$ cat target-v3.cif   # mmCIF, C-alpha atoms
data_final
loop_
_atom_site.label_atom_id
_atom_site.label_comp_id
_atom_site.auth_asym_id
_atom_site.auth_seq_id
_atom_site.Cartn_x
_atom_site.Cartn_y
_atom_site.Cartn_z
CA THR A 7 85.56 103.69 109.29
CA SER A 8 88.57 104.05 111.60
CA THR A 9 88.04 102.03 114.76
CA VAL A 10 84.67 100.73 114.15
CA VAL A 11 87.46 98.20 113.41
CA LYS A 12 88.34 97.61 117.11
CA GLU A 13 84.61 97.40 117.76
CA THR A 14 84.19 94.88 114.90
CA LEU A 15 87.08 92.84 116.31
CA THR A 16 85.48 92.76 119.78
CA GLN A 17 82.12 91.74 118.41
CA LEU A 18 83.79 88.94 116.39
CA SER A 19 85.53 87.54 119.48
CA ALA A 20 82.33 87.80 121.54
CA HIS A 21 80.27 85.91 118.89
CA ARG A 22 82.83 83.14 118.12
CA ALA A 23 80.86 80.31 119.86
CA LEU A 24 77.74 81.27 117.87
CA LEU A 25 79.42 81.56 114.47
CA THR A 26 81.68 78.55 115.18
CA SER A 27 78.50 76.61 116.04
CA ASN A 28 77.99 75.22 112.57
CA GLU A 29 80.76 72.59 112.19
CA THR A 30 79.45 71.41 108.81
CA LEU A 31 80.08 74.73 107.07
CA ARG A 32 83.23 74.97 104.95
CA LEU A 33 84.26 78.47 103.74
CA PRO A 34 87.03 79.82 101.48
CA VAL A 35 90.25 80.54 103.33
CA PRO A 36 93.09 82.11 101.30
CA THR A 37 96.37 80.22 101.25
CA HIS A 38 98.21 83.47 101.93
CA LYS A 39 98.06 86.83 103.63
CA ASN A 40 97.49 89.19 100.75
CA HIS A 41 94.02 89.97 102.00
CA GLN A 42 93.42 92.80 99.54
CA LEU A 43 93.72 90.36 96.66
CA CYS A 44 91.02 88.17 98.10
CA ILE A 45 88.25 90.55 99.22
CA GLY A 46 85.62 88.88 97.02
CA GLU A 47 86.03 85.43 98.62
CA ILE A 48 86.33 86.88 102.19
CA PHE A 49 83.01 88.80 101.88
CA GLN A 50 81.12 86.01 100.01
CA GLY A 51 82.10 83.46 102.71
CA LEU A 52 81.10 86.05 105.34
CA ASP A 53 77.81 86.11 103.40
CA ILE A 54 77.16 82.34 103.57
CA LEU A 55 78.09 82.54 107.20
CA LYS A 56 75.27 85.15 107.60
CA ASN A 57 72.44 83.32 105.78
CA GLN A 58 73.10 80.32 108.11
CA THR A 59 73.70 82.10 111.37
CA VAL A 60 70.51 82.82 113.38
CA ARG A 61 69.65 86.51 113.01
CA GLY A 62 68.48 89.36 115.22
CA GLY A 63 70.88 88.79 118.12
CA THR A 64 73.63 91.22 119.10
CA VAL A 65 75.41 89.70 116.07
CA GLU A 66 73.55 92.28 114.06
CA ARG A 67 76.00 94.75 115.56
CA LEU A 68 78.90 92.69 114.08
CA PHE A 69 77.04 92.30 110.78
CA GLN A 70 76.29 95.97 110.12
CA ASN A 71 79.85 96.82 111.04
CA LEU A 72 81.35 94.46 108.52
CA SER A 73 78.73 95.77 106.06
CA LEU A 74 80.26 99.27 106.67
CA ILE A 75 83.81 97.96 106.19
CA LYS A 76 82.61 96.22 102.96
CA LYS A 77 81.23 99.57 101.67
CA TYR A 78 84.53 101.31 102.50
CA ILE A 79 86.35 98.77 100.36
CA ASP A 80 83.75 98.94 97.51
CA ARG A 81 84.72 102.64 97.51
CA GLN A 82 88.47 101.95 97.65
CA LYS A 83 87.96 99.68 94.63
CA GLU A 84 86.13 102.33 92.54
CA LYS A 85 89.12 104.56 93.36
CA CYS A 86 91.30 102.17 91.31
CA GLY A 87 90.10 103.25 87.77
CA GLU A 88 87.94 106.31 88.36
CA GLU A 89 90.76 108.80 87.68
CA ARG A 90 92.60 108.67 84.34
CA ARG A 91 95.83 110.58 84.18
CA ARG A 92 98.81 110.89 81.85
CA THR A 93 101.31 108.10 81.03
CA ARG A 94 104.02 109.53 83.27
CA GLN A 95 101.91 109.35 86.41
CA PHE A 96 100.59 105.89 85.49
CA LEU A 97 104.17 104.64 85.00
CA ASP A 98 105.06 106.23 88.35
CA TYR A 99 102.27 104.19 89.95
CA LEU A 100 103.40 100.94 88.18
CA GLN A 101 106.99 101.67 89.15
CA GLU A 102 106.08 101.84 92.79
CA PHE A 103 103.59 98.94 92.66
CA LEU A 104 106.50 96.89 91.24
CA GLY A 105 108.73 98.35 94.00
CA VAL A 106 106.71 97.00 96.89
CA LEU A 107 106.05 93.68 95.22
CA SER A 108 109.66 92.64 95.85
CA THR A 109 108.59 92.11 99.48
CA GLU A 110 104.96 90.97 99.13
CA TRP A 111 106.07 87.30 99.32
CA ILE B 5 108.05 79.43 90.19
CA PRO B 6 107.70 82.81 92.07
CA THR B 7 109.16 85.67 89.99
CA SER B 8 111.79 87.11 92.38
CA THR B 9 114.33 89.55 90.84
CA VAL B 10 112.62 89.47 87.49
CA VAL B 11 111.16 92.43 89.39
CA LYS B 12 114.36 94.48 89.43
CA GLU B 13 114.91 93.76 85.71
CA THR B 14 111.32 94.86 85.02
CA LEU B 15 112.10 97.98 87.08
CA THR B 16 115.21 98.70 85.01
CA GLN B 17 113.41 98.21 81.70
CA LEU B 18 110.53 100.41 82.83
CA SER B 19 112.81 103.33 83.49
CA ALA B 20 114.83 102.72 80.26
CA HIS B 21 111.57 102.86 78.14
CA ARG B 22 109.93 105.87 79.83
CA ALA B 23 110.65 108.28 76.83
CA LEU B 24 109.02 105.80 74.41
CA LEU B 25 106.11 104.82 76.73
CA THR B 26 105.42 108.41 77.78
CA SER B 27 105.67 109.57 74.13
CA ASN B 28 101.91 109.53 73.55
CA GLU B 29 100.60 112.56 75.48
CA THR B 30 96.91 112.27 74.52
CA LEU B 31 96.71 108.91 76.31
CA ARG B 32 94.74 108.91 79.56
CA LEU B 33 95.22 105.77 81.77
CA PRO B 34 93.41 104.71 85.06
CA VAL B 35 95.64 105.60 88.06
CA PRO B 36 94.44 104.46 91.59
CA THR B 37 93.80 107.29 94.06
CA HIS B 38 95.53 105.27 96.80
CA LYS B 39 98.39 102.82 97.45
CA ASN B 40 96.52 99.61 97.95
CA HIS B 41 97.90 97.99 94.90
CA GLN B 42 96.50 94.49 95.24
CA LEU B 43 92.91 95.65 95.45
CA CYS B 44 93.53 97.32 92.08
CA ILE B 45 95.35 94.68 90.03
CA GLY B 46 92.61 94.67 87.40
CA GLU B 47 92.91 98.40 86.68
CA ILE B 48 96.75 98.25 86.72
CA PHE B 49 96.88 95.58 83.95
CA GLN B 50 93.95 97.07 81.92
CA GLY B 51 95.85 100.35 81.68
CA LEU B 52 99.14 98.55 80.92
CA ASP B 53 97.18 96.88 78.16
CA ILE B 54 95.74 99.97 76.52
CA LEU B 55 99.31 101.35 76.75
CA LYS B 56 100.71 98.19 74.98
CA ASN B 57 98.03 98.37 72.25
CA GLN B 58 99.39 101.69 71.05
CA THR B 59 103.05 101.48 71.93
CA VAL B 60 104.88 100.32 68.76
CA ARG B 61 105.91 96.69 69.10
CA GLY B 62 109.06 94.60 68.47
CA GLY B 63 111.65 96.79 70.22
CA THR B 64 113.59 96.13 73.40
CA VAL B 65 110.28 97.01 75.06
CA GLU B 66 109.09 93.50 74.46
CA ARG B 67 111.48 92.50 77.25
CA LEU B 68 109.44 94.80 79.56
CA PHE B 69 106.11 93.42 78.22
CA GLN B 70 106.94 89.70 78.73
CA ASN B 71 108.23 90.52 82.21
CA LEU B 72 104.98 92.09 83.36
CA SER B 73 103.08 89.40 81.55
CA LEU B 74 105.05 87.03 83.80
CA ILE B 75 104.16 88.93 86.95
CA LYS B 76 100.51 89.10 85.79
CA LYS B 77 100.36 85.26 85.65
CA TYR B 78 101.96 84.90 89.04
CA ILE B 79 99.26 87.17 90.49
CA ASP B 80 96.53 85.37 88.51
CA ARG B 81 97.80 82.32 90.45
CA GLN B 82 97.86 84.10 93.87
CA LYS B 83 94.23 85.07 93.14
CA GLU B 84 93.15 81.44 92.44
CA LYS B 85 94.71 80.65 95.83
CA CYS B 86 91.99 82.75 97.53
CA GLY B 87 89.09 80.36 97.23
CA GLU B 88 90.76 77.14 96.25
CA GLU B 89 91.12 75.67 99.71
CA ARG B 90 87.95 75.49 101.74
CA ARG B 91 88.54 75.03 105.47
CA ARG B 92 86.34 75.05 108.58
CA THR B 93 84.80 78.16 110.21
CA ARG B 94 87.27 78.73 112.93
CA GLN B 95 90.19 78.88 110.51
CA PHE B 96 88.07 81.20 108.33
CA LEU B 97 87.35 83.34 111.34
CA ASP B 98 91.10 83.32 112.22
CA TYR B 99 91.87 84.68 108.73
CA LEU B 100 89.10 87.25 108.90
CA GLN B 101 90.24 88.44 112.33
CA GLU B 102 93.75 88.93 111.08
CA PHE B 103 92.61 90.58 107.86
CA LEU B 104 90.61 93.05 109.93
CA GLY B 105 93.82 93.15 112.03
CA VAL B 106 96.13 94.82 109.47
CA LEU B 107 93.21 96.91 108.17
CA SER B 108 93.46 99.22 111.13
CA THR B 109 96.75 100.47 109.61
CA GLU B 110 95.47 103.57 107.82
#

$ encode --input "target-v3.cif" --output "structure tokens"
Amino acid sequence: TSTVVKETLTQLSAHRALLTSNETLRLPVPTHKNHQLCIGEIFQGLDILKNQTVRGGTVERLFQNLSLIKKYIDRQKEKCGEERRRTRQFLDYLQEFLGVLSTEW
Amino acid sequence: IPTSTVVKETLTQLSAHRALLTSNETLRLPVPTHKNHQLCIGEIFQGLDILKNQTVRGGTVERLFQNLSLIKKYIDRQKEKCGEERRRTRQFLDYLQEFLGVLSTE
């Protein structure tokens, strides 16, 4: 899933009037730009958006694509605790998590 | 308040307690296959926890454990800030577009 992203971004733009058409719908919007932290809310709002948007159009194109991206990230997430290693290499990982967190705000 | 340079102190204590912490060699802890830390916060602090529960307690290492505990809470609060504010669809779509936008960097 490499630039099925640029296709997903083009489909989004091109279906903005349709999706934007419900003005009653309120969805979760993170207060910040740590997107990775908020994947649950992003994809569950996307979900509500779907069960209320009229189906079958060329939006299906958008919807399967995001579905793919969702899958990708369900896999990324399994990759978090699937491998157990030794305490050195876990410390290493925490060290460098901690090292990038100095900038994450 | 946002933990700022409690990060460097945590970094310094980590290093300084690496002999003790790495002293159990039978211990196997979850380590993420990739560097997308924030998608993995759960697994990070579950491993830290297992590690705690068999590191001997009371030492200078408590410093290190309250420090991460502090960071944990700050992230528990970032995570509550995901769904706390509900806005309208275009500002949701804005945030989606720009999430997808930094996702092409891989």

$ closest_atom_pairs --input "target-v3.cif" --of "chain B" --to "chain A" --cutoff "6 Å" --atoms "all atoms listed in the file" --output "CSV"
residue,atom,partner,partner_atom,distance
B:26,CA,A:93,CA,5.2
B:32,CA,A:91,CA,5.0
B:33,CA,A:90,CA,4.7
B:34,CA,A:90,CA,4.1
B:35,CA,A:96,CA,5.6
B:36,CA,A:86,CA,3.9
B:37,CA,A:85,CA,5.5
B:42,CA,A:43,CA,5.2
B:43,CA,A:42,CA,5.0
B:44,CA,A:86,CA,5.4
B:47,CA,A:87,CA,5.7
B:85,CA,A:37,CA,5.7
B:86,CA,A:36,CA,4.0
B:87,CA,A:34,CA,4.8
B:90,CA,A:34,CA,4.4
B:91,CA,A:32,CA,5.3
B:92,CA,A:32,CA,4.8
B:93,CA,A:26,CA,5.9
B:96,CA,A:35,CA,5.5

$ resolve_selection --input "target-v3.cif" --expression "the PyMOL selection byres ((chain B and resi 9) around 12)" --output "ChimeraX atom specification"
/A:104-105,107-109 /B:5-8,10-16,71,74-75

$ atom_distance --input "target-v3.cif" --atom1 "CA of residue 28 in chain B" --atom2 "CA of residue 57 in chain B"
11.9 Å

$ atom_distance --input "target-v3.cif" --atom1 "CA of residue 68 in chain B" --atom2 "CA of residue 45 in chain B"
17.6 Å

$ resolve_selection --input "target-v3.cif" --expression "the PyMOL selection byres ((chain A and resi 58-65) around 8)" --output "mmCIF file with C-alpha atoms, keeping the file's coordinate frame"
data_model
loop_
_atom_site.group_PDB
_atom_site.id
_atom_site.type_symbol
_atom_site.label_atom_id
_atom_site.label_comp_id
_atom_site.auth_asym_id
_atom_site.auth_seq_id
_atom_site.Cartn_x
_atom_site.Cartn_y
_atom_site.Cartn_z
ATOM 1 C CA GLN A 17 82.120 91.740 118.410
ATOM 2 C CA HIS A 21 80.270 85.910 118.890
ATOM 3 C CA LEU A 24 77.740 81.270 117.870
ATOM 4 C CA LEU A 25 79.420 81.560 114.470
ATOM 5 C CA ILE A 54 77.160 82.340 103.570
ATOM 6 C CA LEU A 55 78.090 82.540 107.200
ATOM 7 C CA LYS A 56 75.270 85.150 107.600
ATOM 8 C CA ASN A 57 72.440 83.320 105.780
ATOM 9 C CA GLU A 66 73.550 92.280 114.060
ATOM 10 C CA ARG A 67 76.000 94.750 115.560
ATOM 11 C CA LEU A 68 78.900 92.690 114.080
ATOM 12 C CA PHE A 69 77.040 92.300 110.780
#

$ resolve_selection --input "target-v3.cif" --expression "the PyMOL selection byres ((chain B and resi 65) around 10)" --output "PDB file with C-alpha atoms, in the frame of the given file"
ATOM      1  CA  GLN B  17     113.410  98.210  81.700  1.00  0.00           C
ATOM      2  CA  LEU B  18     110.530 100.410  82.830  1.00  0.00           C
ATOM      3  CA  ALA B  20     114.830 102.720  80.260  1.00  0.00           C
ATOM      4  CA  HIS B  21     111.570 102.860  78.140  1.00  0.00           C
ATOM      5  CA  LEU B  24     109.020 105.800  74.410  1.00  0.00           C
ATOM      6  CA  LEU B  25     106.110 104.820  76.730  1.00  0.00           C
ATOM      7  CA  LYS B  56     100.710  98.190  74.980  1.00  0.00           C
ATOM      8  CA  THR B  59     103.050 101.480  71.930  1.00  0.00           C
ATOM      9  CA  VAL B  60     104.880 100.320  68.760  1.00  0.00           C
ATOM     10  CA  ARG B  61     105.910  96.690  69.100  1.00  0.00           C
ATOM     11  CA  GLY B  62     109.060  94.600  68.470  1.00  0.00           C
ATOM     12  CA  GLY B  63     111.650  96.790  70.220  1.00  0.00           C
ATOM     13  CA  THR B  64     113.590  96.130  73.400  1.00  0.00           C
ATOM     14  CA  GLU B  66     109.090  93.500  74.460  1.00  0.00           C
ATOM     15  CA  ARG B  67     111.480  92.500  77.250  1.00  0.00           C
ATOM     16  CA  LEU B  68     109.440  94.800  79.560  1.00  0.00           C
ATOM     17  CA  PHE B  69     106.110  93.420  78.220  1.00  0.00           C
ATOM     18  CA  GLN B  70     106.940  89.700  78.730  1.00  0.00           C
ATOM     19  CA  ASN B  71     108.230  90.520  82.210  1.00  0.00           C
TER      20      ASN B  71
END

$ closest_residue --input "target-v3.cif" --among "B:40, B:55, B:27, B:77" --to "residue 109 in chain B" --atoms "only C-alpha atoms"
B:40

$ atom_distance --input "target-v3.cif" --atom1 "CA of residue 77 in chain A" --atom2 "CA of residue 51 in chain B"
24.8 Å

$ closest_residue --input "target-v3.cif" --among "B:23, B:107, B:97, B:48" --to "residue 76 in chain B" --atoms "all atoms listed in the file"
B:48

$ decode --input "target-v3.cif" --residues "range 15-42 of chain B" --atoms "N, CA, C and O atoms" --output "PDB file, in the first residue's frame"
ATOM      1  N   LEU B  15      16.114   9.356  30.226  1.00  0.00           N
ATOM      2  CA  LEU B  15      17.112   8.799  29.325  1.00  0.00           C
ATOM      3  C   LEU B  15      18.439   8.435  30.047  1.00  0.00           C
ATOM      4  O   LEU B  15      19.090   7.418  29.756  1.00  0.00           O
ATOM      5  N   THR B  16      18.809   9.290  30.985  1.00  0.00           N
ATOM      6  CA  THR B  16      20.010   9.178  31.765  1.00  0.00           C
ATOM      7  C   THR B  16      19.867   8.049  32.799  1.00  0.00           C
ATOM      8  O   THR B  16      20.786   7.252  32.997  1.00  0.00           O
ATOM      9  N   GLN B  17      18.705   7.957  33.422  1.00  0.00           N
ATOM     10  CA  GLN B  17      18.460   6.851  34.335  1.00  0.00           C
ATOM     11  C   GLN B  17      18.359   5.505  33.652  1.00  0.00           C
ATOM     12  O   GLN B  17      18.677   4.499  34.254  1.00  0.00           O
ATOM     13  N   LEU B  18      17.853   5.489  32.418  1.00  0.00           N
ATOM     14  CA  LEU B  18      17.687   4.257  31.675  1.00  0.00           C
ATOM     15  C   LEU B  18      19.061   3.625  31.507  1.00  0.00           C
ATOM     16  O   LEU B  18      19.334   2.521  31.990  1.00  0.00           O
ATOM     17  N   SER B  19      19.895   4.341  30.779  1.00  0.00           N
ATOM     18  CA  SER B  19      21.299   4.020  30.631  1.00  0.00           C
ATOM     19  C   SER B  19      22.003   3.537  31.940  1.00  0.00           C
ATOM     20  O   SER B  19      22.583   2.436  31.970  1.00  0.00           O
ATOM     21  N   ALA B  20      21.945   4.365  32.983  1.00  0.00           N
ATOM     22  CA  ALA B  20      22.542   4.073  34.283  1.00  0.00           C
ATOM     23  C   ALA B  20      22.000   2.818  35.008  1.00  0.00           C
ATOM     24  O   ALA B  20      22.610   2.408  36.043  1.00  0.00           O
ATOM     25  N   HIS B  21      20.885   2.243  34.508  1.00  0.00           N
ATOM     26  CA  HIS B  21      20.266   1.046  35.150  1.00  0.00           C
ATOM     27  C   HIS B  21      20.177  -0.165  34.220  1.00  0.00           C
ATOM     28  O   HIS B  21      19.475  -1.141  34.512  1.00  0.00           O
ATOM     29  N   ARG B  22      20.865  -0.066  33.096  1.00  0.00           N
ATOM     30  CA  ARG B  22      20.944  -1.074  32.047  1.00  0.00           C
ATOM     31  C   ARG B  22      21.580  -2.436  32.486  1.00  0.00           C
ATOM     32  O   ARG B  22      21.116  -3.476  32.044  1.00  0.00           O
ATOM     33  N   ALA B  23      22.665  -2.421  33.302  1.00  0.00           N
ATOM     34  CA  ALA B  23      23.184  -3.643  33.964  1.00  0.00           C
ATOM     35  C   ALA B  23      22.111  -4.345  34.843  1.00  0.00           C
ATOM     36  O   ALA B  23      21.879  -5.549  34.685  1.00  0.00           O
ATOM     37  N   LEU B  24      21.449  -3.598  35.737  1.00  0.00           N
ATOM     38  CA  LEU B  24      20.426  -4.156  36.568  1.00  0.00           C
ATOM     39  C   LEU B  24      19.255  -4.669  35.688  1.00  0.00           C
ATOM     40  O   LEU B  24      18.897  -5.842  35.733  1.00  0.00           O
ATOM     41  N   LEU B  25      18.688  -3.800  34.856  1.00  0.00           N
ATOM     42  CA  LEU B  25      17.493  -4.132  34.069  1.00  0.00           C
ATOM     43  C   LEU B  25      17.754  -5.288  33.089  1.00  0.00           C
ATOM     44  O   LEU B  25      16.897  -6.158  32.890  1.00  0.00           O
ATOM     45  N   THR B  26      18.943  -5.311  32.512  1.00  0.00           N
ATOM     46  CA  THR B  26      19.289  -6.374  31.567  1.00  0.00           C
ATOM     47  C   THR B  26      19.905  -7.610  32.271  1.00  0.00           C
ATOM     48  O   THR B  26      20.434  -8.518  31.636  1.00  0.00           O
ATOM     49  N   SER B  27      19.774  -7.652  33.598  1.00  0.00           N
ATOM     50  CA  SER B  27      20.382  -8.723  34.407  1.00  0.00           C
ATOM     51  C   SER B  27      19.608 -10.053  34.361  1.00  0.00           C
ATOM     52  O   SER B  27      20.226 -11.115  34.417  1.00  0.00           O
ATOM     53  N   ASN B  28      18.274 -10.003  34.276  1.00  0.00           N
ATOM     54  CA  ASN B  28      17.542 -11.195  33.851  1.00  0.00           C
ATOM     55  C   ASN B  28      17.606 -11.421  32.324  1.00  0.00           C
ATOM     56  O   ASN B  28      17.195 -10.560  31.498  1.00  0.00           O
ATOM     57  N   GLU B  29      18.147 -12.595  31.992  1.00  0.00           N
ATOM     58  CA  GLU B  29      18.477 -13.022  30.617  1.00  0.00           C
ATOM     59  C   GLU B  29      17.524 -14.090  30.055  1.00  0.00           C
ATOM     60  O   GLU B  29      17.636 -14.492  28.896  1.00  0.00           O
ATOM     61  N   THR B  30      16.610 -14.550  30.902  1.00  0.00           N
ATOM     62  CA  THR B  30      15.545 -15.468  30.509  1.00  0.00           C
ATOM     63  C   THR B  30      14.289 -14.687  30.065  1.00  0.00           C
ATOM     64  O   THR B  30      13.413 -15.237  29.409  1.00  0.00           O
ATOM     65  N   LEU B  31      14.239 -13.410  30.425  1.00  0.00           N
ATOM     66  CA  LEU B  31      13.119 -12.550  30.165  1.00  0.00           C
ATOM     67  C   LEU B  31      13.030 -12.242  28.680  1.00  0.00           C
ATOM     68  O   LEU B  31      13.998 -11.771  28.102  1.00  0.00           O
ATOM     69  N   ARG B  32      11.873 -12.552  28.092  1.00  0.00           N
ATOM     70  CA  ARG B  32      11.502 -12.160  26.738  1.00  0.00           C
ATOM     71  C   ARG B  32      10.363 -11.120  26.726  1.00  0.00           C
ATOM     72  O   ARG B  32       9.247 -11.410  27.157  1.00  0.00           O
ATOM     73  N   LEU B  33      10.650  -9.935  26.198  1.00  0.00           N
ATOM     74  CA  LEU B  33       9.719  -8.784  26.143  1.00  0.00           C
ATOM     75  C   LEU B  33       9.256  -8.418  24.704  1.00  0.00           C
ATOM     76  O   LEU B  33      10.044  -8.513  23.764  1.00  0.00           O
ATOM     77  N   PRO B  34       7.984  -8.005  24.522  1.00  0.00           N
ATOM     78  CA  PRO B  34       7.531  -7.596  23.141  1.00  0.00           C
ATOM     79  C   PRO B  34       8.386  -6.430  22.643  1.00  0.00           C
ATOM     80  O   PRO B  34       8.562  -5.481  23.368  1.00  0.00           O
ATOM     81  N   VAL B  35       8.986  -6.554  21.463  1.00  0.00           N
ATOM     82  CA  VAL B  35       9.671  -5.418  20.805  1.00  0.00           C
ATOM     83  C   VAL B  35       9.081  -5.235  19.368  1.00  0.00           C
ATOM     84  O   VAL B  35       9.135  -6.187  18.530  1.00  0.00           O
ATOM     85  N   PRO B  36       8.486  -4.038  19.099  1.00  0.00           N
ATOM     86  CA  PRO B  36       7.888  -3.700  17.800  1.00  0.00           C
ATOM     87  C   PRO B  36       8.868  -3.915  16.627  1.00  0.00           C
ATOM     88  O   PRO B  36      10.069  -3.564  16.709  1.00  0.00           O
ATOM     89  N   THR B  37       8.372  -4.502  15.556  1.00  0.00           N
ATOM     90  CA  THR B  37       9.161  -4.742  14.364  1.00  0.00           C
ATOM     91  C   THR B  37       9.535  -3.443  13.606  1.00  0.00           C
ATOM     92  O   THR B  37      10.386  -3.444  12.732  1.00  0.00           O
ATOM     93  N   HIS B  38       8.954  -2.322  14.010  1.00  0.00           N
ATOM     94  CA  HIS B  38       9.041  -1.100  13.229  1.00  0.00           C
ATOM     95  C   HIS B  38       9.147   0.099  14.160  1.00  0.00           C
ATOM     96  O   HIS B  38       9.081  -0.040  15.399  1.00  0.00           O
ATOM     97  N   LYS B  39       9.310   1.292  13.585  1.00  0.00           N
ATOM     98  CA  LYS B  39       9.557   2.497  14.416  1.00  0.00           C
ATOM     99  C   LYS B  39       8.368   3.432  14.508  1.00  0.00           C
ATOM    100  O   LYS B  39       8.521   4.648  14.548  1.00  0.00           O
ATOM    101  N   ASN B  40       7.173   2.872  14.579  1.00  0.00           N
ATOM    102  CA  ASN B  40       6.021   3.713  14.672  1.00  0.00           C
ATOM    103  C   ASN B  40       5.490   3.605  16.077  1.00  0.00           C
ATOM    104  O   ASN B  40       4.515   2.925  16.361  1.00  0.00           O
ATOM    105  N   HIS B  41       6.172   4.319  16.949  1.00  0.00           N
ATOM    106  CA  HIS B  41       6.116   4.129  18.370  1.00  0.00           C
ATOM    107  C   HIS B  41       4.722   4.295  18.917  1.00  0.00           C
ATOM    108  O   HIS B  41       4.310   3.556  19.836  1.00  0.00           O
ATOM    109  N   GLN B  42       3.998   5.289  18.377  1.00  0.00           N
ATOM    110  CA  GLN B  42       2.748   5.741  19.004  1.00  0.00           C
ATOM    111  C   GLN B  42       1.604   4.807  18.657  1.00  0.00           C
ATOM    112  O   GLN B  42       0.535   4.867  19.275  1.00  0.00           O
TER     113      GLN B  42
END
